[PDB]
Amino acid sequence: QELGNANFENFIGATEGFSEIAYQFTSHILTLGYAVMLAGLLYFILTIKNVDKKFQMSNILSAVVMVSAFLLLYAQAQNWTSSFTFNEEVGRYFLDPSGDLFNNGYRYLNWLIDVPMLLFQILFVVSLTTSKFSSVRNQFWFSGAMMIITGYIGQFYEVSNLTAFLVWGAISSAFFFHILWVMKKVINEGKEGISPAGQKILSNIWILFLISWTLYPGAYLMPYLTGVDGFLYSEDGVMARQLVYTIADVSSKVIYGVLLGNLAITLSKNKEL
Amino acid sequence: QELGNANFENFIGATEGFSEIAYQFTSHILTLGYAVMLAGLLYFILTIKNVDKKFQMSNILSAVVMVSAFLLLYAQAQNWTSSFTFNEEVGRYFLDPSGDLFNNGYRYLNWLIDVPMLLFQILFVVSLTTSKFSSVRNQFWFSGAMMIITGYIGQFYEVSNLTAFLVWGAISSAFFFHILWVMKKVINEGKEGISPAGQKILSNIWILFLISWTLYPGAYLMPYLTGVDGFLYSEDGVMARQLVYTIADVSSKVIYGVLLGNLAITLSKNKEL
Amino acid sequence: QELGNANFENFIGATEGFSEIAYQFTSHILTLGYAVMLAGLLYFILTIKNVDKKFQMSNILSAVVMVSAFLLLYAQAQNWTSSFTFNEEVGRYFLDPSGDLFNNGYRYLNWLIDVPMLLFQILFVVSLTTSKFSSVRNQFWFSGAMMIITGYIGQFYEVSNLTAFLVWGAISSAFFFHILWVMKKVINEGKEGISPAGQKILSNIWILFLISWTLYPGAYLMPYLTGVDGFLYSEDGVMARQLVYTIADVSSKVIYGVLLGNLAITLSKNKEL
Amino acid sequence: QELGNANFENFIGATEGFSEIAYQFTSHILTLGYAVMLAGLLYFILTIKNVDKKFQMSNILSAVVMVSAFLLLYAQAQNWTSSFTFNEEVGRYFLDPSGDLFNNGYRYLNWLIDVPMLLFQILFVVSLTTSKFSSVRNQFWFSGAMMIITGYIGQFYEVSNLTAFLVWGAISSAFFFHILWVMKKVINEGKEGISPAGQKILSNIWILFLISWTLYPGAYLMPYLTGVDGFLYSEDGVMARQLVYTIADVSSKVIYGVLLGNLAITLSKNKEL
Amino acid sequence: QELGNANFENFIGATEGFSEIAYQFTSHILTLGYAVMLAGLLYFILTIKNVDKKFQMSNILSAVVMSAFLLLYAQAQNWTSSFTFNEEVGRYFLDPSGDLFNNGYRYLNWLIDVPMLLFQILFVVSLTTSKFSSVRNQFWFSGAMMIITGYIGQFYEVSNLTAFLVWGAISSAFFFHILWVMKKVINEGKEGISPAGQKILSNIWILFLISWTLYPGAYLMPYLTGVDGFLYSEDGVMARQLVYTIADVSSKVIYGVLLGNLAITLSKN
Ligand SMILES: *C/C=C(C)/C=C/C=C(C)/C=C/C1=C(C)CCCC1(C)C
Ligand SMILES: *C/C=C(C)/C=C/C=C(C)/C=C/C1=C(C)CCCC1(C)C
Ligand SMILES: *C/C=C(C)/C=C/C=C(C)/C=C/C1=C(C)CCCC1(C)C
Ligand SMILES: *C/C=C(C)/C=C/C=C(C)/C=C/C1=C(C)CCCC1(C)C
Ligand SMILES: *C/C=C(C)/C=C/C=C(C)/C=C/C1=C(C)CCCC1(C)C
Ligand code: NA
Ligand code: NA
Ligand code: NA
Ligand code: NA
Ligand code: NA
């Protein structure tokens with residue numbers, strides 16, 4: 001049938017269908033997703049006053065991101081269950097058109113919140129040295145936006161037009177690398193002046209940042225990571241994608257936020273850990 | 001098909017239908033909408049005590065507006081997905097009558113909250129000089145109400161009666177210009193007596209106000225901005241409208257509120273931003 | 001069609017149906033309704049500590065009422081959209097039986113919360129002189145209950161039995177007049193001892209009270225206010241009713257609560273307006 | 001129709017059906033139910049600091065109970081509307097199987113929270129004299145549990161097996177009487193040492209306790225209180241049941257909690273009424 | 001019918017169906033489940049400042065766990081969606097359009113709960129010989145593996161008894177390790193502290209041991225009376241969800257309460 005510019009999940013769901021395990025796991029992992037976010041929201045709110053006032057905006061922004069992430073992940077969980085329906089006769093879940101096609105694009109647009117805020121918030125914990133606050137912020141926000149928008153466009157074509165898929169992806173990747181560049185600079189400048197304990201944490205933050213953010217373009221490519229008609233162009237690929245997103249989200253948002261708060265505590269004059 | 005006094009989205013949806021991208025993007029952008037608002041709610045609550053007590057009503061009113069905006073944008077997101085349903089055979093989303101017709105009128109009525117409050121709240125940060133508090137407030141609230149109500153009437157006719165559409169629109173525009181007038185006065189009087197830092201922020205606030213508020217009549221006209229049977233009288237026009245609304249909403253509510261809070265901080269005796 | 005003891009909305013919906021504007025406006029105005037209430041909830045919570053401790057129960061009760069009002073108005077909004085469904089062929093919304101008949105009775109029973117609390121709460125701001133606190137409270141609560149319950153019974157018969165409609169209404173009206181009586185007494189005793197500023201506010205409160213509360217029996221009668229087979233026995237009447245309710249609710253609950261809080265501030269030794 | 005071990009509501013709904021008034025009132029009263037609970041939640045949270053720290057657990061437990069009650073009453077409201085559907089032809093609501101059968105059992109199991117907590121909480125306001133805290137608590141909790149569980153079993157048979165109905169009921173009643181016994185003891189010991197104002201309140205609390213708690217076994221029996229084929233074995237009986245539950249719930253939870261808080265205030269060294 | 005790798009609830013629901021009592025009780029007990037969790041959330045938040053600042057992370061983590069609400073709520077809805085009344089025979093049968101019922105929701109949400117529940121005690125007790133990071137890491141790794149292996153197993157609880165039991169066994173191994181470490185922790189926690197505190201830690205260990213053990217009980221539940229036994233039936237379905245609910249309340253709420261009580265005794269102010 002005629003699906004057009006639609007994510008590959010829909011093509012699997014429309015042809016092969018999803019096994020119990022495939023469908024259920026995807027449902028489960030998305031649910032875990034939004035559960036983590038709302039739990040995180042509570043954590044970040046409840047820990048605000050555990051750091052000096054100047055650092056507390058970081059906590060607040062963590063919270064802001066959690067709200068966004070919860071809402072989107074919740075929506076997406078529902079979208080998954082609405083989009084695919086059990087067929088008694090063969091014992092598989094198939095595309096149910098009246099539920100809408102499943103799209104990952106929900107995620108992408110909500111990054112327009114998450115990415116800017118996640119990048120922003122570290123600038124409230126670390127002091128810069130050579131770099132200007134406004135400069136770093138602006139470069140983060142611009143590169144962040146362009147990364148997301150270009151990617152957002154790409155992913156519509158992940159089946160219908162492999163070329164546009166890869167080209168927009170490439171453009172997106174460029175802006176990604178810039179963000180990586182700037183974050184490294186920031187982290188290095190942040191290390192200057194501060195205790196070895198704080199430096200250790202920033203080291204961890206950078207590792208976490210690097211891995212977790214890289215997962216996202218991984219999820220982009222996931223269906224094609226074993227070439228055409230590979231292992232991953234299948235329900236297994238579908239599962240892998242949503243797993244990676246969920247891991248990425250938890251890491252890039254919650255764990256990131258926790259580490260930052262820990263850093264804030266070491267840099268806090270009153271407070272110990 | 002007989003649609004009557006209904007928004008043009010429904011006419012597109014009933015005849016041509018919406019592509020995957022058109023339907024999905026509109027869904028996505030509305031979702032981002034309400035997500036931003038709930039995130040904002042948390043921000044404004046959590047930052048109340050970042051300014052002197054006298055300023056804190058501004059924070060509170062920001063929060064009040066966020067609640068309104070969230071609820072409306074959430075409803076509207078749902079209305080969009082209910083109103084248009086996938087057709088397997090042609091691969092487009094078509095008007096589903098049993099979901100109700102899509103109307104933008106939800107937005108308009110909720111402005112009866114937002115507009116009065118957004119105008120009101122600045123009067124808790126800036127001091128007036130030559131203008132009287134109650135006078136400015138009353139002119140804001142009256143002109144605000146009339147602007148919205150006249151617009152609300154107009155938009156019902158955006159297809160069924162181009163003339164009424166444009167006339168009510170024109171009347172609405174008059175009240176808009178008055179509001180612009182008064183806000184300018186307010187901004188200028190607010191600048192007097194206060195630090196250059198604060199003056200800079202009020203300058204930004206005015207620009208933001210001017211652009212963001214102007215977008216709304218833009219969205220009004222959107223379908224017709226390329227004349228009859230133009231580019232924009234189409235799913236592309238539908239997309240444009242909801243994008244512009246979302247940008248307008250984020251700008252006019254969240255960013256506006258942030259800047260005001262920043263101003264409040266500079267004007268705060270204790271706090272040194 | 002066999003509807004029985006049902007509100008007149010259902011008879012309109014079942015015979016003539018509702019135009020786009022009629023259906024949509026009613027939907028919109030009910031939505032505004034509950035949006036205002038949740039916004040109000042936030043306001044009243046966030047402003048508690050803006051008055052002396054002794055006054056703060058008034059804020060708390062405002063909040064309590066908002067919760068009630070939100071829940072009910074939300075339910076009612078949903079009930080409206082569920083009860084009436086678009087017919088493609090004629091382009092009007094008709095009674096959809098599977099959604100339940102629309103009833104205003106939801107509102108009535110929730111007044112069993114709102115009315116007692118709204119009457120109660122003023123007694124925490126004003127001092128009485130000659131009257132006893134418990135006496136005024138008991139008279140409010142008894143008369144309030146009887147007013148609502150008798151009205152609640154009446155409105156079931158607003159179509160099926162004009163006689164019972166008017167008789168129960170009349171009985172209800174009696175208790176209403178008593179409440180008006182007592183509130184006047186309270187307002188007068190409240191004015192004694194206190195600044196001209198406070199007296200002004202109580203004057204406004206009384207006007208607001210008188211008008212807003214009177215709207216409710218107006219809504220009761222609405223369908224018949226232009227006699228049999230009049231303008232108002234129609235979708236226009238339906239619209240009028242729900243508009244009036246929404247205006248009444250906002251006025252009698254939110255604005256009322258705001259004014260009371262303003263009064264509390266003037267009567268607060270520490271706090272200024 | 002084959003209904004089995006089902007509540008009598010379903011038998012009425014399946015045979016006679018429910019009139020507009022019967023269906024609507026039941027819907028309305030259940031809605032009022034959960035509305036009161038959520039309002040109560042807000043009240044109890046907002047008033048925590050109105051008593052000395054030692055008393056504040058009582059407030060907290062009130063809040064705990066409200067959350068439980070809200071959730072259950074909300075669910076139950078939805079269950080009612082899902083279980084019974086309008087039939088255009090005769091103008092009555094009939095059992096809709098696809099909505100599930102209506103069961104009161106939701107209520108019963110949620111008492112496993114409410115009852116233990118309601119009994120517990122008074123022990124944080126009153127001082128015992130002869131009786132030990134842990135002893136009273138344990139007897140409350142055991143007797144409470146057994147009361148509920150035995151009742152829960154009974155009510156499944158309220159139609160299918162009048163004998164089991166009455167026997168399990170009887171067993172339940174035994175545990176009830178014990179609870180009554182212990183609460184009386186507690187109330188009497190609580191009166192010793194404390195002001196006449198406090199004693200008055202505890203007297204009221206005992207009356208409230210006795211009446212409100214007794215309503216619950218009343219609701220149990222309701223359908224049969226006028227014998228076989230009586231007034232009450234009918235939609236009128238259905239209405240009566242849910243009314244009584246709602247009155248019982250408001251009384252046993254909210255009003256009870258309010259009185260306790262009032263008592264706490266009199267017993268507070270810092271605070272006056 | 002063709003159900004595949006699906007939980008046994010679905011096989012009961014598809015063949016025999018569920019009586020009013022079976023269906024309703026399961027609905028009721030799951031509802032109680034999530035109600036308790038939301039109530040608990042409020043309790044733990046409202047009691048944070050009842051202990052010294054250093055202990056307050058334990059309260060916060062209790063709150064975080066009260067995850068449980070969201071999952072139990074979802075699961076309640078899943079139950080009612082998955083099984084629909086048949087008027088003709090008066091039983092509830094599998095309704096395919098609602099999805100098959102899976103317990104897997106629970107399992108994956110443990111990936112939150114278990115790590116946090118294990119973690120949080122380390123904010124109340126002082127260790128002696130053991131290192132904080134060491135205990136944490138062993139908890140978190142063993143916790144994850146326990147859940148993941150179990151999660152895989154339960155898919156096969158009907159379709160493949162062998163895989164069911166094998167993955168279960170592997171899971172059990174990691175469980176025993178967690179038990180081991182928790183015991184160590186409890187013992188080290190007792191050292192140096194008041195008799196009041198020691199008493200509470202004793203209770204905590206008992207509660208931990210019983211409540212956590214219930215979970216593998218629920219795993220096996222359908223087969224605890226052998227093939228075609230009492231429990232391979234709607235009665236078994238009921239038993240499972242009851243045990244989960246008891247386990248959840250115990251392992252989360254009561255656990256959290258006791259910990260807070262311990263925190264209070266150890267509090268100087
Ligand atoms: C909390 C959400 C976060 C941190 C999202 C991050 C998203 C990215 C780093 C996306 C990167 C992409 C590319 C670099 C290429 C493909 C398109 C994107 C947007 C997925
Ligand atoms: C947060 C919402 C805001 C700030 C809404 C603002 C809305 C307007 C400025 C609407 C203006 C209009 C005209 C000036 C002409 C067409 C009708 C309106 C109401 C869209
Ligand atoms: C917040 C809700 C309020 C203040 C509701 C007030 C309701 C009334 C004053 C109702 C009055 C009525 C009559 C006096 C006659 C008709 C029946 C009633 C109940 C609508
Ligand atoms: C907030 C809920 C409360 C206070 C519930 C109280 C419930 C009872 C006192 C139930 C009593 C029963 C009997 C004594 C006999 C019939 C079975 C019961 C459980 C309804
Ligand atoms: C709050 C949730 C908790 C404490 C969950 C605990 C879960 C377990 C201890 C699960 C244990 C299992 C086995 C040891 C064997 C079968 C598979 C599991 C995961 C159910
Ligand atoms: Na599905
Ligand atoms: Na749709
Ligand atoms: Na509708
Ligand atoms: Na119904
Ligand atoms: Na069902």
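Hydrogens, waters and symmetry mates play no part in the numbers below; they use all other heavy atoms, side chains included. Here is the naming used below: chain letters follow the sequence lines, and residue numbers restart at 1 for every chain.
Between the side chains of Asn103(B) and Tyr108(B), no donor N or O sits under 3.5 Å from an acceptor N or O. Between the side chains of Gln24(C) and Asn5(B), no donor N or O sits under 3.5 Å from an acceptor N or O. Side-chain polar atoms of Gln242(C) and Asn104(C) form a donor-acceptor pair below 3.5 angstrom. Side chains of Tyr106(B) and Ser27(C): a donor-acceptor N/O pair is present below 3.5 angstrom, by distance only. Side chains of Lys253(C) and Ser62(C): no donor on one and acceptor on the other come within 3.5 Å. With no hydrogens or angles considered, no side-chain donor-acceptor pair links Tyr256(C) and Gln121(C) at under 3.5 Å. Side-chain contact annotation: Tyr34(C) with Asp249(C), donor-acceptor N/O pair under 3.5 Å absent. Donor-acceptor pairing under 3.5 Å is lacking for the side chains of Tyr220(D) and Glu158(D). The closest side-chain donor-acceptor pair between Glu235(D) and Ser19(D) falls under 3.5 angstrom.
In this structure, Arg107(C) is not positioned above the aromatic face of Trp111(C) in the sense of NZ or CZ being under 6.0 Å from the six-membered ring centre and within 45° of the axis.
Summarising the geometry of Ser252(C) relative to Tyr216(C), their closest heavy-atom pair is OG-OH, 2.9 Å, with the distance given to 0.1 Å.
The aromatic rings of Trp206(C) and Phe209(C) sit parallel to each other, their planes meeting at less than 30°, with 60° as the upper class boundary.
With ring centers used as reference points, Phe18(C) lies under 6.0 Å from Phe84(C). Taking the six-membered ring for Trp and the full ring otherwise, the centers of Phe8(C) and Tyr233(C) sit less than 6.0 Å from each other.
Under the side-chain contact (heavy atoms from CB on, under 4.5 Å) test applied with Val238(C), the options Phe25(C), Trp80(C), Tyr23(C) reduce to a single match, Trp80(C).
Heavy atoms of other residues, nucleotides or ligands lying less than 6.0 angstrom from CH2 of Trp168(C) number 12 at most. Residue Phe133(C) places its CZ atom among more than 12 non-hydrogen atoms of other residues, nucleotides or ligands, all under 6.0 Å distant.
Judged by distance alone, with hydrogens and angles left aside, the side-chain atoms of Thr150(C) form a donor-acceptor pair with the main-chain N or O of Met147(C) at under 3.5 Å.
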